[PDB]
>>> print(open('my_file_37.txt').read())   # compact mmCIF, C-alpha atoms
# COMPACT_ATOMS: atom_id res chain seq x y z
CA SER P 166 50.41 2.56 -8.17
CA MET P 167 47.45 2.81 -5.76
CA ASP P 168 47.03 6.01 -3.77
CA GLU P 169 44.31 7.70 -1.66
CA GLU P 170 42.74 8.92 -4.89
CA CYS P 171 41.81 5.30 -5.66
CA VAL P 172 39.89 4.87 -2.39
CA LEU P 173 38.29 8.31 -2.76
CA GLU P 174 37.07 7.33 -6.24
CA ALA P 175 35.77 4.03 -4.85
CA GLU P 176 33.83 5.86 -2.12
CA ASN P 177 32.26 8.34 -4.57
CA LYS P 178 31.34 5.48 -6.91
CA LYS P 179 29.65 3.71 -4.00
CA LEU P 180 27.70 6.87 -3.15
CA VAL P 181 26.45 7.18 -6.76
CA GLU P 182 25.64 3.48 -6.99
CA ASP P 183 23.63 3.58 -3.78
CA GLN P 184 21.68 6.60 -5.04
CA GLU P 185 20.84 4.52 -8.13
CA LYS P 186 19.73 1.63 -5.97
CA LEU P 187 17.46 3.91 -3.93
CA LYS P 188 15.92 5.22 -7.18
CA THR P 189 15.26 1.67 -8.30
CA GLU P 190 13.71 0.73 -4.94
CA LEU P 191 11.44 3.80 -5.17
CA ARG P 192 10.23 2.69 -8.60
CA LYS P 193 9.56 -0.87 -7.40
CA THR P 194 7.59 0.54 -4.49
CA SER P 195 5.41 2.68 -6.76
CA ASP P 196 4.97 -0.34 -9.10
CA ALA P 197 3.71 -2.41 -6.19
CA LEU P 198 1.32 0.29 -5.02
CA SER P 199 -0.07 0.62 -8.56
CA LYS P 200 -0.71 -3.13 -8.54
CA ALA P 201 -2.56 -2.66 -5.25
CA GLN P 202 -4.53 0.32 -6.72
CA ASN P 203 -5.71 -1.83 -9.62
CA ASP P 204 -6.60 -4.66 -7.19
CA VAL P 205 -8.60 -2.26 -5.02
CA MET P 206 -10.51 -1.01 -8.12
CA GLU P 207 -11.24 -4.63 -9.11
CA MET P 208 -12.62 -5.16 -5.59
CA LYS P 209 -14.76 -2.01 -5.76
CA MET P 210 -16.40 -3.14 -8.98
CA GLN P 211 -16.70 -6.79 -7.90
CA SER P 212 -18.30 -5.64 -4.67
CA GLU P 213 -20.79 -3.45 -6.53
CA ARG P 214 -21.85 -6.39 -8.67
CA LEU P 215 -22.10 -8.55 -5.52
CA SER P 216 -24.25 -5.93 -3.81
CA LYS P 217 -26.57 -5.91 -6.83
CA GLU P 218 -26.80 -9.70 -6.61
CA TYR P 219 -27.65 -9.58 -2.87
CA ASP P 220 -30.35 -6.94 -3.50
CA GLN P 221 -31.79 -8.98 -6.36
CA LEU P 222 -31.72 -12.21 -4.38
CA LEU P 223 -33.59 -10.74 -1.41
CA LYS P 224 -36.07 -8.93 -3.65
CA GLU P 225 -37.00 -12.01 -5.71
CA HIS P 226 -37.00 -14.43 -2.77
CA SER P 227 -39.01 -12.98 0.12
CA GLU P 228 -38.32 -16.00 2.33
CA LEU P 229 -34.65 -14.97 2.29
CA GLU I 169 -38.45 -21.40 -8.31
CA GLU I 170 -35.68 -23.37 -6.58
CA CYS I 171 -33.80 -23.66 -9.88
CA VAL I 172 -33.25 -19.93 -10.38
CA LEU I 173 -32.29 -19.60 -6.72
CA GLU I 174 -29.74 -22.39 -7.15
CA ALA I 175 -28.13 -20.75 -10.20
CA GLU I 176 -28.15 -17.32 -8.53
CA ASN I 177 -26.48 -18.80 -5.46
CA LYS I 178 -23.81 -20.51 -7.57
CA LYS I 179 -23.01 -17.20 -9.26
CA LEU I 180 -23.00 -15.28 -5.96
CA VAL I 181 -20.63 -17.78 -4.34
CA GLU I 182 -18.20 -17.69 -7.25
CA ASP I 183 -18.18 -13.88 -7.02
CA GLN I 184 -17.46 -14.02 -3.27
CA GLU I 185 -14.52 -16.24 -4.21
CA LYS I 186 -13.32 -13.68 -6.77
CA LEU I 187 -13.51 -10.98 -4.10
CA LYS I 188 -11.53 -13.20 -1.70
CA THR I 189 -8.78 -13.72 -4.26
CA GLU I 190 -8.70 -9.98 -4.98
CA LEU I 191 -8.33 -9.24 -1.26
CA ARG I 192 -5.39 -11.66 -1.02
CA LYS I 193 -3.68 -10.08 -4.05
CA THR I 194 -4.12 -6.62 -2.61
CA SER I 195 -2.62 -7.61 0.72
CA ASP I 196 0.32 -9.26 -1.03
CA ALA I 197 0.94 -6.13 -3.11
CA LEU I 198 0.90 -3.91 -0.05
CA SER I 199 3.26 -6.34 1.76
CA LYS I 200 5.63 -6.07 -1.18
CA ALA I 201 5.54 -2.26 -0.90
CA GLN I 202 6.27 -2.44 2.85
CA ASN I 203 9.24 -4.76 2.26
CA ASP I 204 10.47 -2.26 -0.36
CA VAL I 205 10.20 0.58 2.18
CA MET I 206 12.30 -1.46 4.67
CA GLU I 207 14.92 -1.76 1.93
CA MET I 208 14.80 2.00 1.29
CA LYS I 209 15.22 2.83 4.97
CA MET I 210 18.37 0.74 5.03
CA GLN I 211 19.58 2.12 1.68
CA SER I 212 19.12 5.73 2.76
CA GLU I 213 20.91 4.95 6.04
CA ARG I 214 23.77 3.54 3.97
CA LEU I 215 23.75 6.71 1.88
CA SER I 216 23.96 9.03 4.86
CA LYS I 217 26.66 6.92 6.54
CA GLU I 218 28.70 6.91 3.31
CA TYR I 219 28.30 10.68 3.11
CA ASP I 220 29.34 11.14 6.74
CA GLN I 221 32.42 8.96 6.33
CA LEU I 222 33.30 10.88 3.18
CA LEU I 223 33.16 14.10 5.20
CA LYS I 224 35.03 12.87 8.29
CA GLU I 225 37.80 11.44 6.13
CA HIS I 226 38.18 14.23 3.62
CA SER I 227 37.12 17.49 5.29
CA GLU I 228 37.68 19.55 8.43
CA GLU Q 170 35.05 25.86 3.99
CA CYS Q 171 32.07 28.19 4.43
CA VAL Q 172 30.17 27.15 1.30
CA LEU Q 173 30.96 23.54 2.22
CA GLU Q 174 29.38 24.17 5.64
CA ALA Q 175 26.23 25.63 4.08
CA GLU Q 176 25.87 22.82 1.53
CA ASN Q 177 26.46 20.24 4.27
CA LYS Q 178 23.81 21.76 6.53
CA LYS Q 179 21.33 21.71 3.65
CA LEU Q 180 22.21 18.13 2.71
CA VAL Q 181 21.82 16.99 6.32
CA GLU Q 182 18.40 18.60 6.69
CA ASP Q 183 17.32 16.87 3.45
CA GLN Q 184 18.52 13.45 4.65
CA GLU Q 185 16.52 13.89 7.85
CA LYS Q 186 13.53 15.00 5.78
CA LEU Q 187 13.76 11.87 3.64
CA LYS Q 188 14.03 9.70 6.79
CA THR Q 189 10.87 11.30 8.14
CA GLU Q 190 9.14 10.71 4.78
CA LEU Q 191 10.10 7.01 4.91
CA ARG Q 192 8.52 6.66 8.35
CA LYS Q 193 5.41 8.57 7.18
CA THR Q 194 5.22 6.20 4.23
CA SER Q 195 5.50 2.98 6.26
CA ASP Q 196 2.79 4.35 8.60
CA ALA Q 197 0.60 5.12 5.60
CA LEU Q 198 1.11 1.63 4.20
CA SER Q 199 0.26 0.02 7.57
CA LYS Q 200 -2.95 2.03 7.63
CA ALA Q 201 -3.78 0.72 4.13
CA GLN Q 202 -2.85 -2.87 5.14
CA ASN Q 203 -5.06 -2.70 8.20
CA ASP Q 204 -7.89 -1.41 6.01
CA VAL Q 205 -7.46 -4.37 3.70
CA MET Q 206 -7.38 -6.96 6.53
CA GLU Q 207 -10.49 -5.33 7.99
CA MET Q 208 -12.18 -5.77 4.60
CA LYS Q 209 -11.09 -9.41 4.62
CA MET Q 210 -12.77 -9.95 7.98
CA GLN Q 211 -15.85 -8.00 6.86
CA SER Q 212 -16.22 -9.90 3.60
CA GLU Q 213 -15.95 -13.12 5.61
CA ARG Q 214 -18.72 -11.99 7.99
CA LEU Q 215 -20.81 -11.16 4.92
CA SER Q 216 -20.38 -14.48 3.11
CA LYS Q 217 -20.83 -16.36 6.39
CA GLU Q 218 -24.15 -14.70 7.17
CA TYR Q 219 -25.23 -15.13 3.58
CA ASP Q 220 -24.53 -18.86 3.98
CA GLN Q 221 -26.47 -18.92 7.24
CA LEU Q 222 -29.35 -17.15 5.52
CA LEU Q 223 -29.54 -19.80 2.82
CA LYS Q 224 -29.03 -22.73 5.22
CA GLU Q 225 -31.87 -21.49 7.42
CA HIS Q 226 -34.39 -20.39 4.81
CA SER Q 227 -33.86 -22.58 1.71
CA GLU Q 228 -33.31 -26.17 0.56
CA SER V 166 -43.97 -17.08 13.41
CA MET V 167 -44.16 -13.40 14.23
CA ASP V 168 -40.76 -14.25 15.71
CA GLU V 169 -39.85 -15.64 12.30
CA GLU V 170 -40.58 -12.28 10.66
CA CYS V 171 -38.64 -10.64 13.46
CA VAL V 172 -35.50 -12.69 12.89
CA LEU V 173 -35.74 -12.57 9.10
CA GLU V 174 -36.11 -8.77 9.16
CA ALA V 175 -33.10 -8.46 11.49
CA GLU V 176 -30.99 -10.79 9.32
CA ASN V 177 -31.82 -8.96 6.11
CA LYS V 178 -31.00 -5.61 7.74
CA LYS V 179 -27.71 -7.07 8.91
CA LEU V 180 -26.78 -8.31 5.44
CA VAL V 181 -27.57 -4.89 3.92
CA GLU V 182 -25.65 -3.15 6.70
CA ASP V 183 -22.54 -5.28 6.19
CA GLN V 184 -22.63 -4.63 2.46
CA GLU V 185 -22.71 -0.90 3.29
CA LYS V 186 -19.79 -1.30 5.73
CA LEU V 187 -17.70 -3.04 3.10
CA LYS V 188 -18.56 -0.24 0.59
CA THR V 189 -17.39 2.39 3.12
CA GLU V 190 -14.23 0.40 3.84
CA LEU V 191 -13.43 0.19 0.14
CA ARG V 192 -13.74 3.95 -0.30
CA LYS V 193 -11.52 4.62 2.72
CA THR V 194 -8.99 1.97 1.71
CA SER V 195 -8.62 3.63 -1.67
CA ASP V 196 -8.15 7.00 0.10
CA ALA V 197 -5.39 5.53 2.30
CA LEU V 198 -3.66 3.96 -0.65
CA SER V 199 -3.68 7.24 -2.61
CA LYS V 200 -2.02 8.89 0.39
CA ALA V 201 0.75 6.28 0.34
CA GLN V 202 1.21 6.63 -3.42
CA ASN V 203 1.70 10.34 -3.01
CA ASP V 204 4.13 9.75 -0.09
CA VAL V 205 6.21 7.68 -2.51
CA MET V 206 6.05 10.43 -5.16
CA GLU V 207 7.25 12.88 -2.50
CA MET V 208 10.21 10.63 -1.72
CA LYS V 209 11.13 10.43 -5.40
CA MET V 210 11.23 14.17 -5.56
CA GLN V 211 13.12 14.50 -2.28
CA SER V 212 15.75 11.93 -3.25
CA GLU V 213 16.20 13.59 -6.65
CA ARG V 214 16.85 16.83 -4.76
CA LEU V 215 19.38 14.90 -2.62
CA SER V 216 21.04 13.49 -5.76
CA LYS V 217 21.42 16.98 -7.20
CA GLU V 218 22.96 18.15 -3.93
CA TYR V 219 25.38 15.15 -3.84
CA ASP V 220 26.37 15.70 -7.48
CA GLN V 221 26.95 19.38 -6.85
CA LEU V 222 28.92 18.60 -3.72
CA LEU V 223 31.27 16.09 -5.38
CA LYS V 224 31.64 18.34 -8.42
CA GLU V 225 32.64 21.42 -6.42
CA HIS V 226 34.88 19.61 -3.94
CA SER V 227 37.38 17.29 -5.61
CA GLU V 228 38.60 16.18 -2.18
CA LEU V 229 35.18 14.62 -1.49
>>> encode(input="my_file_37.txt", output="structure tokens")
Amino acid sequence: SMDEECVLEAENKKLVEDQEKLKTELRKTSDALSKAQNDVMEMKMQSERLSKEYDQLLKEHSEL
Amino acid sequence: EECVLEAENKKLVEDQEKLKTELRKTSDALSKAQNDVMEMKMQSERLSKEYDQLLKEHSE
Amino acid sequence: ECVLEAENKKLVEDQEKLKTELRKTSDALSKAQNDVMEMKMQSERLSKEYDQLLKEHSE
Amino acid sequence: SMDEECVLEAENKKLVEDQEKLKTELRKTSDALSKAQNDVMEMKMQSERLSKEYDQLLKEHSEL
């Protein structure tokens, strides 16, 4: 036989479940930012190699 | 000569393309994080509304 | 009812603190995103002028 | 053709300068990203504090 206790329990359960969802969302957000951190590092190194190639190209070819 | 310049250029261009791809990936990752933060703003609003309702219903 | 009042006050202040942190975080991400788009534009100016350099001074 | 040397010098300087600008931007971008990563860590901690307060609240007050 349903009473107010049932709805109270449902409300608490929803509160807990939404905390869990927020935790999950936080972890996905940090996962995404770590992907971006790795991508930024890849760009830093790629750009250093590129800068070496520009330097080399202008040094070897004075007409450039 | 022109040969070495040609090869060097080919390499340089393919590296510019790698950098371009990397830039796109980075932007996409950051966009994903921003979407996630929108979700969390709504989720935390749901949490505080749930809490408030809990209080209004079951306390003085 | 007193301890409930104290706990509620605390909880409320922490919700508002989290809300503020979420805004701070979206701001921080927009700053990062802008930085990345600026690098996209910059890297395009760089490859474009490299191309111009080779078109003008090579075969 | 003195003009040629003029233009070529300017163009080379500009290429070098834009490499430098991209280098600077990369460093700053990484800084900005680290800030955001720490903002997310702060929210994890803050929401864990909120979870402890919610747990405690529901545990102490059966009517909630």
>>> residues_around(input="my_file_37.txt", residues="residue 214 of chain Q", least_positions_apart="4", cutoff="12 Å", atoms="only C-alpha atoms", output="list in words")
residues 184 of chain I; 207, 208, 209, 210, 218, 219, 220 and 221 of chain Q; 179, 180, 182, 183, 184, 186 and 187 of chain V
>>> write_last_selection(input="my_file_37.txt", atoms="C-alpha atoms", output="tab-separated table (two decimals), in the frame of the given file")
chain	number	residue	atom	x	y	z
I	184	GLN	CA	-17.46	-14.02	-3.27
Q	207	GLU	CA	-10.49	-5.33	7.99
Q	208	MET	CA	-12.18	-5.77	4.60
Q	209	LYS	CA	-11.09	-9.41	4.62
Q	210	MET	CA	-12.77	-9.95	7.98
Q	218	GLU	CA	-24.15	-14.70	7.17
Q	219	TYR	CA	-25.23	-15.13	3.58
Q	220	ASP	CA	-24.53	-18.86	3.98
Q	221	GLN	CA	-26.47	-18.92	7.24
V	179	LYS	CA	-27.71	-7.07	8.91
V	180	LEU	CA	-26.78	-8.31	5.44
V	182	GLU	CA	-25.65	-3.15	6.70
V	183	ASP	CA	-22.54	-5.28	6.19
V	184	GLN	CA	-22.63	-4.63	2.46
V	186	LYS	CA	-19.79	-1.30	5.73
V	187	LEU	CA	-17.70	-3.04	3.10
>>> closest_residue(input="my_file_37.txt", among="Q:228, Q:206, Q:217, Q:180", to="chain V", atoms="only C-alpha atoms")
Q:180
>>> residues_around(input="my_file_37.txt", residues="residue 229 of chain P", least_positions_apart="6", cutoff="8 Å", atoms="all atoms listed in the file", output="PyMOL selection string")
(chain P and resi 222-223) or (chain Q and resi 222-223+226-227) or (chain V and resi 173+177)
>>> interface_residues(input="my_file_37.txt", of="chain I", to="chain P", cutoff="7 Å", atoms="all atoms listed in the file", output="PyMOL selection string")
chain I and resi 180+183+187+190+193-194+197-198+200-201+204+208+211+215+218
>>> atom_distance(input="my_file_37.txt", atom1="atom CA of residue 204 of chain Q", atom2="atom CA of residue 186 of chain Q")
27.0 Å
>>> build_atoms(input="my_file_37.txt", residues="segment 179-202 of chain V", atoms="N, CA and C atoms", output="PDB file, in the coordinates of the input")
ATOM      1  N   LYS V 179     -29.116  -6.873   8.583  1.00  0.00           N
ATOM      2  CA  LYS V 179     -27.710  -7.070   8.910  1.00  0.00           C
ATOM      3  C   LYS V 179     -26.886  -7.307   7.650  1.00  0.00           C
ATOM      4  N   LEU V 180     -27.453  -8.061   6.709  1.00  0.00           N
ATOM      5  CA  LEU V 180     -26.780  -8.310   5.440  1.00  0.00           C
ATOM      6  C   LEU V 180     -26.571  -7.002   4.652  1.00  0.00           C
ATOM      7  N   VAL V 181     -27.636  -6.207   4.556  1.00  0.00           N
ATOM      8  CA  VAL V 181     -27.570  -4.890   3.920  1.00  0.00           C
ATOM      9  C   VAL V 181     -26.518  -4.021   4.613  1.00  0.00           C
ATOM     10  N   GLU V 182     -26.567  -3.990   5.943  1.00  0.00           N
ATOM     11  CA  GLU V 182     -25.650  -3.150   6.700  1.00  0.00           C
ATOM     12  C   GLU V 182     -24.193  -3.539   6.470  1.00  0.00           C
ATOM     13  N   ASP V 183     -23.916  -4.838   6.422  1.00  0.00           N
ATOM     14  CA  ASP V 183     -22.540  -5.280   6.190  1.00  0.00           C
ATOM     15  C   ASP V 183     -22.056  -5.006   4.773  1.00  0.00           C
ATOM     16  N   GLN V 184     -22.974  -5.075   3.805  1.00  0.00           N
ATOM     17  CA  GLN V 184     -22.630  -4.630   2.460  1.00  0.00           C
ATOM     18  C   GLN V 184     -22.202  -3.159   2.507  1.00  0.00           C
ATOM     19  N   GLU V 185     -23.024  -2.324   3.142  1.00  0.00           N
ATOM     20  CA  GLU V 185     -22.710  -0.900   3.290  1.00  0.00           C
ATOM     21  C   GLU V 185     -21.353  -0.670   3.962  1.00  0.00           C
ATOM     22  N   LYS V 186     -21.060  -1.443   5.008  1.00  0.00           N
ATOM     23  CA  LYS V 186     -19.790  -1.300   5.730  1.00  0.00           C
ATOM     24  C   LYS V 186     -18.600  -1.647   4.844  1.00  0.00           C
ATOM     25  N   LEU V 187     -18.747  -2.694   4.041  1.00  0.00           N
ATOM     26  CA  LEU V 187     -17.700  -3.040   3.100  1.00  0.00           C
ATOM     27  C   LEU V 187     -17.508  -1.917   2.041  1.00  0.00           C
ATOM     28  N   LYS V 188     -18.609  -1.370   1.525  1.00  0.00           N
ATOM     29  CA  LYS V 188     -18.560  -0.240   0.590  1.00  0.00           C
ATOM     30  C   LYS V 188     -17.749   0.941   1.171  1.00  0.00           C
ATOM     31  N   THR V 189     -18.098   1.318   2.402  1.00  0.00           N
ATOM     32  CA  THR V 189     -17.390   2.390   3.120  1.00  0.00           C
ATOM     33  C   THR V 189     -15.901   2.047   3.244  1.00  0.00           C
ATOM     34  N   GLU V 190     -15.615   0.813   3.638  1.00  0.00           N
ATOM     35  CA  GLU V 190     -14.230   0.400   3.840  1.00  0.00           C
ATOM     36  C   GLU V 190     -13.460   0.489   2.527  1.00  0.00           C
ATOM     37  N   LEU V 191     -14.108   0.164   1.420  1.00  0.00           N
ATOM     38  CA  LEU V 191     -13.430   0.190   0.140  1.00  0.00           C
ATOM     39  C   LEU V 191     -13.046   1.629  -0.201  1.00  0.00           C
ATOM     40  N   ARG V 192     -13.997   2.543  -0.011  1.00  0.00           N
ATOM     41  CA  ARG V 192     -13.740   3.950  -0.300  1.00  0.00           C
ATOM     42  C   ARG V 192     -12.551   4.453   0.528  1.00  0.00           C
ATOM     43  N   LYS V 193     -12.595   4.178   1.828  1.00  0.00           N
ATOM     44  CA  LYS V 193     -11.520   4.620   2.720  1.00  0.00           C
ATOM     45  C   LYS V 193     -10.172   3.967   2.434  1.00  0.00           C
ATOM     46  N   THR V 194     -10.204   2.708   2.017  1.00  0.00           N
ATOM     47  CA  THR V 194      -8.990   1.970   1.710  1.00  0.00           C
ATOM     48  C   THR V 194      -8.333   2.645   0.517  1.00  0.00           C
ATOM     49  N   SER V 195      -9.139   2.937  -0.501  1.00  0.00           N
ATOM     50  CA  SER V 195      -8.620   3.630  -1.670  1.00  0.00           C
ATOM     51  C   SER V 195      -8.020   4.999  -1.282  1.00  0.00           C
ATOM     52  N   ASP V 196      -8.712   5.749  -0.411  1.00  0.00           N
ATOM     53  CA  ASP V 196      -8.150   7.000   0.100  1.00  0.00           C
ATOM     54  C   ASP V 196      -6.749   6.800   0.713  1.00  0.00           C
ATOM     55  N   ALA V 197      -6.626   5.765   1.537  1.00  0.00           N
ATOM     56  CA  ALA V 197      -5.390   5.530   2.300  1.00  0.00           C
ATOM     57  C   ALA V 197      -4.250   5.162   1.355  1.00  0.00           C
ATOM     58  N   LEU V 198      -4.610   4.376   0.355  1.00  0.00           N
ATOM     59  CA  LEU V 198      -3.660   3.960  -0.650  1.00  0.00           C
ATOM     60  C   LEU V 198      -3.171   5.152  -1.492  1.00  0.00           C
ATOM     61  N   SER V 199      -4.086   6.046  -1.874  1.00  0.00           N
ATOM     62  CA  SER V 199      -3.680   7.240  -2.610  1.00  0.00           C
ATOM     63  C   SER V 199      -2.707   8.061  -1.775  1.00  0.00           C
ATOM     64  N   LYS V 200      -2.966   8.160  -0.470  1.00  0.00           N
ATOM     65  CA  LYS V 200      -2.020   8.890   0.390  1.00  0.00           C
ATOM     66  C   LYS V 200      -0.627   8.277   0.287  1.00  0.00           C
ATOM     67  N   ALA V 201      -0.556   6.955   0.412  1.00  0.00           N
ATOM     68  CA  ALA V 201       0.750   6.280   0.340  1.00  0.00           C
ATOM     69  C   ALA V 201       1.444   6.464  -1.015  1.00  0.00           C
ATOM     70  N   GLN V 202       0.655   6.438  -2.089  1.00  0.00           N
ATOM     71  CA  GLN V 202       1.210   6.630  -3.420  1.00  0.00           C
ATOM     72  C   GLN V 202       1.818   8.014  -3.536  1.00  0.00           C
TER      73      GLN V 202
END
